[PDB]
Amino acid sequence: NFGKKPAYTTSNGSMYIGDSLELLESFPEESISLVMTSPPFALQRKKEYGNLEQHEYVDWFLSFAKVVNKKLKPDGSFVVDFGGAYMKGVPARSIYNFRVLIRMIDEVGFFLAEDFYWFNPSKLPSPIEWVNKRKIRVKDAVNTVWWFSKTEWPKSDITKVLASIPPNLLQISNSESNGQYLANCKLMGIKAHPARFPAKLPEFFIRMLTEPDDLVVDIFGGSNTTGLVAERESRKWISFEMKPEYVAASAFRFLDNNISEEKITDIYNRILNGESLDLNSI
């Protein structure tokens, strides 16, 4: 359906290498039930000038927001994970994650179904200069996860997420796992994705807003935790990621301990070489 061939494919889905703002267009319209991601944030993003990173970043991301509006079903949701950030050499917060919010409702026309908040106890990006050293700010440990929806009535059922009705606050930490992806990464002498989220994050939203066989898309795949979860929960998925290293290593997530190291490198390099692996069988 897309203008390319997936890096790899499994039982319920397939991951592509490429720019998601292009690939999204290949989806029919009102076809996606849940788009779940956490955008790449480093000093702005693709947009010339350098006017106020806050604004440049916002415009960049709003582009994806626009196309995602079209492709989401009327009962569809667009959950977005954002991490706080200070500005260069000053202990004043950037409010880029909040600017996205306002312009998404005002300009794009989304609705904030509900604002969620993720507390990750163990978080290293905590800026030592302001916290540990100067002792002027506290551990930056809460991420603004915005659950957006195409209409005021997106598909949702909190009983599949029952704790006892749970709250607005999700307390999860990145590693409550060991897994073969970390091991297989170590094998290739490569580093695991620099910034990936715990499986429980997308699990919560996959279970709550979608039913089995629903299409869960992730426009900034990374290590593909989403597709992984969407797989073991029996939803259909599709992920887009720009970097081949990330896609290649992510494939490991869909294998077992019982695989020759010689076969792992083959899978890694073949994907890194542009081949289309059908992981469903060898």
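Residue positions are given as counts along the sequence shown, with the first one as 1.
According to the entry, the deposited sequence runs straight from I158 to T159 with no unmodelled residues in between.
Taking the PDB entry as given, 200 to 208 carries the higher mean Cα B factor of the two stretches 108 to 116 and 200 to 208. For the pair 178 to 186 and 95 to 103, the mean Cα B-factor is higher in 178 to 186.
The top Cα temperature factor in the record, among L72, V131, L124, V90, falls on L124. Take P28, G222, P40, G227 and read off each C-alpha B-factor from the entry; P28 has the highest. Ranked against the other modelled residues of its chain, the C-alpha B-factor of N51 as given in the entry falls in the highest third.
In this PDB entry, the Cα temperature factor of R137 sits in the bottom third of its chain's modelled residues, the lowest group. When the modelled residues of the chain are ordered by C-alpha B-factor, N269 sits in the middle third.
Ranked against the other modelled residues of its chain, the C-alpha B-factor of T151 as given in the entry falls in the lowest third. Among all modelled residues in this chain, the alpha-carbon of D218 has a temperature factor (C-alpha) in the lowest third.
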